[PDB]
Every structure is written in structure tokens, then in C-alpha cells.
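Shown here: start-v3.cif, mmCIF, C-alpha atoms.
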```
data_start
loop_
_atom_site.label_atom_id
_atom_site.label_comp_id
_atom_site.auth_asym_id
_atom_site.auth_seq_id
_atom_site.Cartn_x
_atom_site.Cartn_y
_atom_site.Cartn_z
CA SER W 108 14.80 -27.28 -20.42
CA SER W 109 17.28 -25.49 -18.07
CA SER W 110 14.33 -23.32 -16.84
CA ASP W 111 12.10 -26.46 -16.47
CA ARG W 112 14.78 -28.60 -14.67
CA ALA W 113 15.09 -25.70 -12.13
CA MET W 114 11.29 -25.91 -11.59
CA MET W 115 11.08 -29.75 -11.38
CA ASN W 116 13.83 -29.65 -8.68
CA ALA W 117 12.24 -26.76 -6.80
CA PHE W 118 8.80 -28.54 -6.72
CA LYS W 119 10.59 -31.73 -5.53
CA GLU W 120 12.12 -29.58 -2.72
CA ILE W 121 8.74 -27.91 -1.87
CA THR W 122 7.12 -31.37 -1.49
CA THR W 123 10.01 -32.89 0.57
CA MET W 124 9.90 -29.81 2.92
CA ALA W 125 6.06 -29.89 3.19
CA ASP W 126 5.99 -33.60 4.18
CA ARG W 127 8.80 -32.87 6.68
CA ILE W 128 6.46 -30.44 8.57
CA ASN W 129 3.23 -32.47 7.79
CA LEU W 130 1.60 -29.78 5.58
CA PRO W 131 -1.56 -30.41 3.45
CA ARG W 132 -1.66 -30.58 -0.39
CA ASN W 133 -3.48 -27.20 -0.72
CA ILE W 134 -0.43 -25.55 0.92
CA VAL W 135 1.93 -27.39 -1.51
CA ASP W 136 -0.23 -26.37 -4.51
CA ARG W 137 -0.30 -22.74 -3.37
CA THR W 138 3.53 -22.79 -2.86
CA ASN W 139 4.25 -24.19 -6.37
CA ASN W 140 1.94 -21.59 -8.01
CA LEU W 141 3.53 -18.78 -5.95
CA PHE W 142 7.04 -20.03 -6.85
CA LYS W 143 6.34 -20.22 -10.64
CA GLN W 144 4.94 -16.68 -10.34
CA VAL W 145 8.02 -15.17 -8.70
CA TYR W 146 11.21 -17.34 -9.14
CA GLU W 147 12.20 -15.61 -12.41
CA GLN W 148 11.63 -11.87 -11.86
CA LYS W 149 14.14 -9.03 -11.43
CA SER W 150 15.02 -9.12 -7.73
CA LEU W 151 15.20 -12.92 -7.40
CA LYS W 152 18.00 -13.18 -10.00
CA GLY W 153 21.11 -14.79 -8.48
CA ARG W 154 19.05 -15.79 -5.41
CA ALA W 155 19.05 -19.59 -4.75
CA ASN W 156 15.90 -21.44 -5.98
CA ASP W 157 15.99 -23.55 -2.77
CA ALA W 158 15.68 -20.28 -0.72
CA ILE W 159 12.93 -18.88 -3.03
CA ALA W 160 10.88 -22.11 -2.54
CA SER W 161 11.44 -21.98 1.28
CA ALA W 162 10.19 -18.32 1.44
CA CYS W 163 7.26 -19.26 -0.90
CA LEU W 164 6.31 -22.10 1.50
CA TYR W 165 6.33 -19.69 4.49
CA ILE W 166 4.16 -17.20 2.50
CA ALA W 167 1.62 -19.92 1.48
CA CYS W 168 1.51 -20.96 5.16
CA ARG W 169 0.93 -17.39 6.40
CA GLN W 170 -1.71 -16.86 3.64
CA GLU W 171 -3.77 -19.96 4.58
CA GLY W 172 -3.43 -19.38 8.30
CA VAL W 173 -1.10 -22.16 9.42
CA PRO W 174 1.01 -20.08 12.00
CA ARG W 175 4.40 -19.88 13.90
CA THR W 176 6.40 -21.25 10.94
CA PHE W 177 9.40 -18.87 10.22
CA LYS W 178 11.90 -20.76 12.41
CA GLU W 179 10.26 -24.16 11.70
CA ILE W 180 10.64 -23.69 7.84
CA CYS W 181 14.35 -22.64 7.98
CA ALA W 182 14.94 -25.74 10.11
CA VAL W 183 13.54 -28.13 7.39
CA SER W 184 15.42 -26.07 4.71
CA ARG W 185 19.13 -26.32 3.84
CA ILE W 186 19.19 -22.49 3.61
CA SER W 187 19.98 -19.86 6.35
CA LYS W 188 17.20 -17.82 8.04
CA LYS W 189 19.09 -14.75 6.68
CA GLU W 190 18.79 -15.76 3.00
CA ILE W 191 15.20 -17.17 3.41
CA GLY W 192 14.29 -13.87 5.14
CA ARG W 193 15.90 -11.73 2.38
CA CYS W 194 14.08 -13.80 -0.31
CA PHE W 195 10.77 -13.40 1.59
CA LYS W 196 10.92 -9.56 1.73
CA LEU W 197 11.79 -9.45 -2.02
CA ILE W 198 8.75 -11.65 -2.81
CA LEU W 199 6.36 -9.38 -0.83
CA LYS W 200 7.75 -6.37 -2.79
CA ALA W 201 7.01 -8.33 -6.00
CA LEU W 202 3.47 -9.32 -4.92
CA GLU W 203 2.57 -5.77 -3.69
CA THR W 204 2.75 -2.94 -6.17
CA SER W 205 0.27 -0.87 -4.02
CA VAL W 206 1.36 1.57 -1.14
CA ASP W 207 1.86 5.42 -0.31
CA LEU W 208 3.63 8.56 -1.64
CA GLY W 212 -0.58 12.55 -2.96
CA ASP W 213 -0.64 8.80 -3.87
CA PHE W 214 -3.54 9.02 -1.42
CA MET W 215 -5.01 11.90 -3.45
CA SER W 216 -5.26 9.55 -6.44
CA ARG W 217 -6.78 6.73 -4.37
CA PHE W 218 -9.10 8.71 -2.02
CA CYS W 219 -10.59 10.76 -4.85
CA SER W 220 -11.46 7.55 -6.81
CA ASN W 221 -13.02 6.18 -3.58
CA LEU W 222 -14.90 9.49 -3.14
CA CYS W 223 -15.97 9.74 -6.83
CA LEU W 224 -14.22 13.13 -7.33
CA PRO W 225 -13.36 14.85 -10.69
CA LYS W 226 -9.79 15.31 -12.05
CA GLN W 227 -10.03 19.07 -11.39
CA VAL W 228 -11.08 18.48 -7.70
CA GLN W 229 -8.26 15.91 -7.21
CA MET W 230 -5.70 18.25 -8.89
CA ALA W 231 -6.69 21.28 -6.73
CA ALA W 232 -6.65 19.15 -3.52
CA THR W 233 -3.17 17.82 -4.46
CA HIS W 234 -2.00 21.40 -5.22
CA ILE W 235 -3.38 22.62 -1.83
CA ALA W 236 -1.76 19.72 0.14
CA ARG W 237 1.62 20.24 -1.64
CA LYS W 238 1.69 24.06 -1.23
CA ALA W 239 0.66 23.69 2.48
CA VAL W 240 3.85 21.64 3.06
CA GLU W 241 5.99 24.08 0.96
CA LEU W 242 4.81 27.00 3.18
CA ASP W 243 5.15 24.84 6.35
CA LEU W 244 1.49 25.51 7.29
CA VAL W 245 1.17 21.92 8.49
CA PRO W 246 4.23 20.81 10.56
CA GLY W 247 4.04 17.54 12.52
CA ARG W 248 0.78 16.74 10.74
CA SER W 249 -0.12 13.26 9.45
CA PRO W 250 0.15 13.46 5.58
CA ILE W 251 -3.15 11.49 5.40
CA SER W 252 -4.80 14.07 7.75
CA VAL W 253 -3.40 16.85 5.48
CA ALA W 254 -4.70 15.12 2.35
CA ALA W 255 -8.14 14.59 4.00
CA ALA W 256 -8.30 18.31 4.87
CA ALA W 257 -7.06 19.26 1.34
CA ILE W 258 -9.81 17.00 -0.22
CA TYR W 259 -12.43 18.53 2.17
CA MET W 260 -11.26 22.08 1.26
CA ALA W 261 -11.19 21.46 -2.54
CA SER W 262 -14.52 19.42 -2.59
CA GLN W 263 -16.27 22.17 -0.56
CA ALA W 264 -15.10 24.82 -3.12
CA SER W 265 -16.38 22.65 -6.02
CA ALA W 266 -19.86 21.40 -7.03
CA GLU W 267 -18.87 17.85 -5.88
CA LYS W 268 -19.10 18.63 -2.15
CA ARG W 269 -17.92 15.91 0.29
CA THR W 270 -18.61 15.60 4.07
CA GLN W 271 -16.16 15.30 6.98
CA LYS W 272 -17.67 11.84 7.88
CA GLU W 273 -17.19 10.27 4.43
CA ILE W 274 -13.70 11.76 3.92
CA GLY W 275 -12.80 10.31 7.36
CA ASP W 276 -14.28 6.91 6.34
CA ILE W 277 -12.19 6.83 3.11
CA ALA W 278 -8.96 8.25 4.66
CA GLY W 279 -9.25 5.95 7.72
CA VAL W 280 -8.73 9.02 9.98
CA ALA W 281 -10.87 10.55 12.76
CA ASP W 282 -13.03 13.56 11.92
CA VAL W 283 -11.20 15.65 14.58
CA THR W 284 -7.90 15.12 12.71
CA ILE W 285 -9.42 16.46 9.41
CA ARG W 286 -10.87 19.47 11.29
CA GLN W 287 -7.52 20.19 12.97
CA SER W 288 -5.44 19.94 9.77
CA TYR W 289 -8.12 21.99 7.91
CA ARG W 290 -8.00 24.68 10.62
CA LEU W 291 -4.28 25.07 9.78
CA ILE W 292 -4.73 25.47 6.00
CA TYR W 293 -8.09 27.42 6.20
CA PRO W 294 -6.36 30.86 6.76
CA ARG W 295 -4.24 30.63 3.62
CA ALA W 296 -7.00 28.99 1.45
CA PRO W 297 -6.95 31.77 -1.30
CA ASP W 298 -3.15 31.34 -1.80
CA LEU W 299 -3.39 27.48 -1.57
CA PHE W 300 -5.84 26.99 -4.47
CA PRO W 301 -4.56 26.84 -8.10
CA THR W 302 -5.03 30.30 -9.82
CA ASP W 303 -7.27 28.98 -12.65
CA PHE W 304 -9.64 27.16 -10.15
CA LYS W 305 -13.37 27.78 -10.94
CA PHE W 306 -15.14 28.14 -7.55
CA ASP W 307 -18.71 26.85 -6.93
CA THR W 308 -18.41 28.31 -3.41
CA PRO W 309 -16.14 31.41 -3.11
CA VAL W 310 -12.86 31.11 -1.14
CA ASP W 311 -14.27 33.57 1.46
CA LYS W 312 -17.57 31.63 1.95
CA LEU W 313 -15.66 28.33 2.53
CA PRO W 314 -16.73 26.36 5.70
CA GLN W 315 -15.06 27.28 9.02
CA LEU W 316 -14.25 24.27 11.23
#
```

Could I get this file's structure written as C-alpha cells?
Amino acid sequence: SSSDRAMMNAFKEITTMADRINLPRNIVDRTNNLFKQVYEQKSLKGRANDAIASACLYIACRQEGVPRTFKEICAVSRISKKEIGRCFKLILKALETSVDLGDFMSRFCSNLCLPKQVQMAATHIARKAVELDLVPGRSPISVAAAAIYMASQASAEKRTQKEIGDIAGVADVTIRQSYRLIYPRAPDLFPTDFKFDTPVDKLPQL
């Protein structure tokens, strides 16, 4: 097959490159698997198979802790460091469909075991806080942490500064600080319909 001949040739290239830099079979096996996985997918269309394989070899190396390869790989490859590099970044994008946007709200609340309504209110708070410029020059993760703390403390599913800090990967002081900024406008920040377990007035002062 035209798709299979491309693969047979790419695996041939992977092996001839791997022996050229004395790499073990596990590295070769990982590279082939990684190649099959990515070589035909959106971004890598039009991109040379030779370059895809080279970038896949570097990835497999990085992954299994064989270091200081980037320059060494491009040397054993017939492709430029520029194309191998471009291929490499595209492959990471393909292998990593996890990152940051309230993307954090979705993640942190799942990590904190928080209801849809709590998550929704905390997202609403965090978003409105930005809209009203209550939190300028503030880490969006510190804002989200404070928004989660505020919403969770107003709901039955109350969460502590410590645990929010643990999940957000932020220091407790940062949550406190960001919370201190949104605390004054808390009644305006909550969604209208929100059903309070603890009234907006009797919310914790930090």
C-alpha cells in the first residue's frame, strides 16, 4: 500500500538513525509506535516523513531519559534542525490535548469534588471580577482559587484555603490576597439565582 510503503521506509530510517547513535531497541520500538500514532494526522500533512521520524526519535529519547540529543539527532538525519524542530512542536500539540483557558474551574472543581452549581457560581464570580477590573495584575489561577473559595464557602460544600491551595498549586497567601479584592463586591459577583447556605454578608473575612 502507498500508506504502508511510507511506513516501511520510515521504520527503515528510524532503525538506520538509531544504530547511527547506538540507541537500544526499546527506544526504536517506542519511536515506531509514536510515529504510527502521529504521521497521518492534520498538522503533519505535507510534512516530510523523514522529519516526522527524526522528531519522533528525539521524543522517544526525551521520554525514556536518554539526554542532550536535539543537535545529535539532526546530525544523523538528512533533515534540517528547523524542519525537525517544527515537526517536534506539532507532535507535542498532537500528544497534549490538556492545558489552560475557567478551564481551571472545570479541573479544580472535579479535583475538589464540587457540584455543577458551585463550579458555575465560582466561574461567574471569577469572570465578573475581571469584567469589573476588581483583580488587576492578579494570577488567573489565584483569582480562580479565591472564586472557588468564595463560592464553596457560600454553599453547603465548603472547602478550605489549604486544600484549594493544594489543588490550584498556589500559596494560601495568594488565595487570601485575591479573595480580599473580590470580598467587597461579593453580593454583585454571585449569580442572582444562587441559593446561599451561608448568607453573602456572613461570608468569611480573610

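The spacing separating atom CA of residue 263 of chain W from atom CA of residue 306 of chain W amounts to 9.3 Å.
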
List, as a ChimeraX atom specification, every residue that the PyMOL selection byres ((chain W and resi 198-203) around 12) selects in the file provided.
/W:141-152,154,158-167,170,191-197,204-207

For the provided coordinates, the residues matched by the PyMOL selection byres ((chain W and resi 283-299) around 9) should be stated as number ranges by chain.
W: 231, 234-239, 244-245, 248-249, 251-257, 259-260, 271, 274-275, 280-282, 300-302, 310-311, 313-316

Atom CA of residue 172 of chain W to atom CA of residue 137 of chain W measures 12.5 Å

Once the PyMOL selection byres ((chain W and resi 225) around 12) has been evaluated on this model, what residues remain selected, and can you format them as an MDAnalysis selection string?
chainID W and resid 215:216 218:224 226:232 258 261:262 265:269

Could you add N, CA and C atoms to segment 239-271 of chain W and give me the result as a PDB file, keeping the file's coordinate frame?
```
ATOM      1  N   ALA W 239       0.783  23.619   1.022  1.00  0.00           N
ATOM      2  CA  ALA W 239       0.660  23.690   2.480  1.00  0.00           C
ATOM      3  C   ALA W 239       1.958  23.251   3.152  1.00  0.00           C
ATOM      4  N   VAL W 240       2.582  22.193   2.607  1.00  0.00           N
ATOM      5  CA  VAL W 240       3.850  21.640   3.060  1.00  0.00           C
ATOM      6  C   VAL W 240       4.958  22.639   2.721  1.00  0.00           C
ATOM      7  N   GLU W 241       5.013  23.107   1.453  1.00  0.00           N
ATOM      8  CA  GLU W 241       5.990  24.080   0.960  1.00  0.00           C
ATOM      9  C   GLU W 241       6.071  25.317   1.858  1.00  0.00           C
ATOM     10  N   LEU W 242       4.902  25.812   2.334  1.00  0.00           N
ATOM     11  CA  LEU W 242       4.810  27.000   3.180  1.00  0.00           C
ATOM     12  C   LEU W 242       4.890  26.682   4.669  1.00  0.00           C
ATOM     13  N   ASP W 243       5.066  25.379   4.999  1.00  0.00           N
ATOM     14  CA  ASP W 243       5.150  24.840   6.350  1.00  0.00           C
ATOM     15  C   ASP W 243       3.929  25.253   7.190  1.00  0.00           C
ATOM     16  N   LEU W 244       2.725  25.166   6.589  1.00  0.00           N
ATOM     17  CA  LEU W 244       1.490  25.510   7.290  1.00  0.00           C
ATOM     18  C   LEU W 244       1.078  24.326   8.142  1.00  0.00           C
ATOM     19  N   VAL W 245       1.556  23.126   7.793  1.00  0.00           N
ATOM     20  CA  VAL W 245       1.170  21.920   8.490  1.00  0.00           C
ATOM     21  C   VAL W 245       2.377  21.095   9.001  1.00  0.00           C
ATOM     22  N   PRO W 246       3.120  21.610  10.016  1.00  0.00           N
ATOM     23  CA  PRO W 246       4.230  20.810  10.560  1.00  0.00           C
ATOM     24  C   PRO W 246       3.715  19.805  11.581  1.00  0.00           C
ATOM     25  N   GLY W 247       4.370  18.643  11.615  1.00  0.00           N
ATOM     26  CA  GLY W 247       4.040  17.540  12.520  1.00  0.00           C
ATOM     27  C   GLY W 247       2.640  16.983  12.328  1.00  0.00           C
ATOM     28  N   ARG W 248       2.103  17.186  11.114  1.00  0.00           N
ATOM     29  CA  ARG W 248       0.780  16.740  10.740  1.00  0.00           C
ATOM     30  C   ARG W 248       0.854  15.531   9.841  1.00  0.00           C
ATOM     31  N   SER W 249       0.043  14.514  10.183  1.00  0.00           N
ATOM     32  CA  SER W 249      -0.120  13.260   9.450  1.00  0.00           C
ATOM     33  C   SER W 249      -0.418  13.601   7.973  1.00  0.00           C
ATOM     34  N   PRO W 250       0.421  13.149   7.007  1.00  0.00           N
ATOM     35  CA  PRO W 250       0.150  13.460   5.580  1.00  0.00           C
ATOM     36  C   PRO W 250      -1.207  12.999   5.053  1.00  0.00           C
ATOM     37  N   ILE W 251      -1.825  12.021   5.719  1.00  0.00           N
ATOM     38  CA  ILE W 251      -3.150  11.490   5.400  1.00  0.00           C
ATOM     39  C   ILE W 251      -4.176  12.473   5.973  1.00  0.00           C
ATOM     40  N   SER W 252      -3.912  13.056   7.161  1.00  0.00           N
ATOM     41  CA  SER W 252      -4.800  14.070   7.750  1.00  0.00           C
ATOM     42  C   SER W 252      -4.786  15.361   6.933  1.00  0.00           C
ATOM     43  N   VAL W 253      -3.608  15.681   6.344  1.00  0.00           N
ATOM     44  CA  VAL W 253      -3.400  16.850   5.480  1.00  0.00           C
ATOM     45  C   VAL W 253      -4.171  16.662   4.184  1.00  0.00           C
ATOM     46  N   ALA W 254      -4.025  15.476   3.585  1.00  0.00           N
ATOM     47  CA  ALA W 254      -4.700  15.120   2.350  1.00  0.00           C
ATOM     48  C   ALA W 254      -6.225  15.155   2.522  1.00  0.00           C
ATOM     49  N   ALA W 255      -6.725  14.618   3.655  1.00  0.00           N
ATOM     50  CA  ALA W 255      -8.140  14.590   4.000  1.00  0.00           C
ATOM     51  C   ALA W 255      -8.682  16.000   4.063  1.00  0.00           C
ATOM     52  N   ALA W 256      -7.943  16.909   4.733  1.00  0.00           N
ATOM     53  CA  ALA W 256      -8.300  18.310   4.870  1.00  0.00           C
ATOM     54  C   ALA W 256      -8.269  19.012   3.513  1.00  0.00           C
ATOM     55  N   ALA W 257      -7.240  18.689   2.677  1.00  0.00           N
ATOM     56  CA  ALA W 257      -7.060  19.260   1.340  1.00  0.00           C
ATOM     57  C   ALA W 257      -8.206  18.854   0.401  1.00  0.00           C
ATOM     58  N   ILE W 258      -8.667  17.575   0.512  1.00  0.00           N
ATOM     59  CA  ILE W 258      -9.810  17.000  -0.220  1.00  0.00           C
ATOM     60  C   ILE W 258     -11.073  17.723   0.267  1.00  0.00           C
ATOM     61  N   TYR W 259     -11.285  17.819   1.606  1.00  0.00           N
ATOM     62  CA  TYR W 259     -12.430  18.530   2.170  1.00  0.00           C
ATOM     63  C   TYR W 259     -12.479  19.962   1.653  1.00  0.00           C
ATOM     64  N   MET W 260     -11.340  20.702   1.731  1.00  0.00           N
ATOM     65  CA  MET W 260     -11.260  22.080   1.260  1.00  0.00           C
ATOM     66  C   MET W 260     -11.611  22.197  -0.222  1.00  0.00           C
ATOM     67  N   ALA W 261     -10.935  21.418  -1.100  1.00  0.00           N
ATOM     68  CA  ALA W 261     -11.190  21.460  -2.540  1.00  0.00           C
ATOM     69  C   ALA W 261     -12.615  21.041  -2.902  1.00  0.00           C
ATOM     70  N   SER W 262     -13.144  19.914  -2.338  1.00  0.00           N
ATOM     71  CA  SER W 262     -14.520  19.420  -2.590  1.00  0.00           C
ATOM     72  C   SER W 262     -15.588  20.419  -2.156  1.00  0.00           C
ATOM     73  N   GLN W 263     -15.344  21.152  -1.066  1.00  0.00           N
ATOM     74  CA  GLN W 263     -16.270  22.170  -0.560  1.00  0.00           C
ATOM     75  C   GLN W 263     -16.305  23.456  -1.405  1.00  0.00           C
ATOM     76  N   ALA W 264     -15.252  23.677  -2.221  1.00  0.00           N
ATOM     77  CA  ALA W 264     -15.100  24.820  -3.120  1.00  0.00           C
ATOM     78  C   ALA W 264     -15.624  24.468  -4.496  1.00  0.00           C
ATOM     79  N   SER W 265     -15.870  23.175  -4.751  1.00  0.00           N
ATOM     80  CA  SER W 265     -16.380  22.650  -6.020  1.00  0.00           C
ATOM     81  C   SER W 265     -17.847  22.212  -5.905  1.00  0.00           C
ATOM     82  N   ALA W 266     -18.470  21.842  -7.027  1.00  0.00           N
ATOM     83  CA  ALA W 266     -19.860  21.400  -7.030  1.00  0.00           C
ATOM     84  C   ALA W 266     -20.010  20.020  -6.379  1.00  0.00           C
ATOM     85  N   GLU W 267     -18.927  19.216  -6.402  1.00  0.00           N
ATOM     86  CA  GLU W 267     -18.870  17.850  -5.880  1.00  0.00           C
ATOM     87  C   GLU W 267     -18.467  17.889  -4.410  1.00  0.00           C
ATOM     88  N   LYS W 268     -19.356  18.449  -3.573  1.00  0.00           N
ATOM     89  CA  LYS W 268     -19.100  18.630  -2.150  1.00  0.00           C
ATOM     90  C   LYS W 268     -19.152  17.337  -1.371  1.00  0.00           C
ATOM     91  N   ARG W 269     -18.089  17.095  -0.562  1.00  0.00           N
ATOM     92  CA  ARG W 269     -17.920  15.910   0.290  1.00  0.00           C
ATOM     93  C   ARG W 269     -17.916  16.296   1.786  1.00  0.00           C
ATOM     94  N   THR W 270     -18.495  15.414   2.622  1.00  0.00           N
ATOM     95  CA  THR W 270     -18.610  15.600   4.070  1.00  0.00           C
ATOM     96  C   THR W 270     -17.400  15.110   4.860  1.00  0.00           C
ATOM     97  N   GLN W 271     -17.220  15.677   6.061  1.00  0.00           N
ATOM     98  CA  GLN W 271     -16.160  15.300   6.980  1.00  0.00           C
ATOM     99  C   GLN W 271     -16.203  13.795   7.245  1.00  0.00           C
TER     100      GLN W 271
END
```
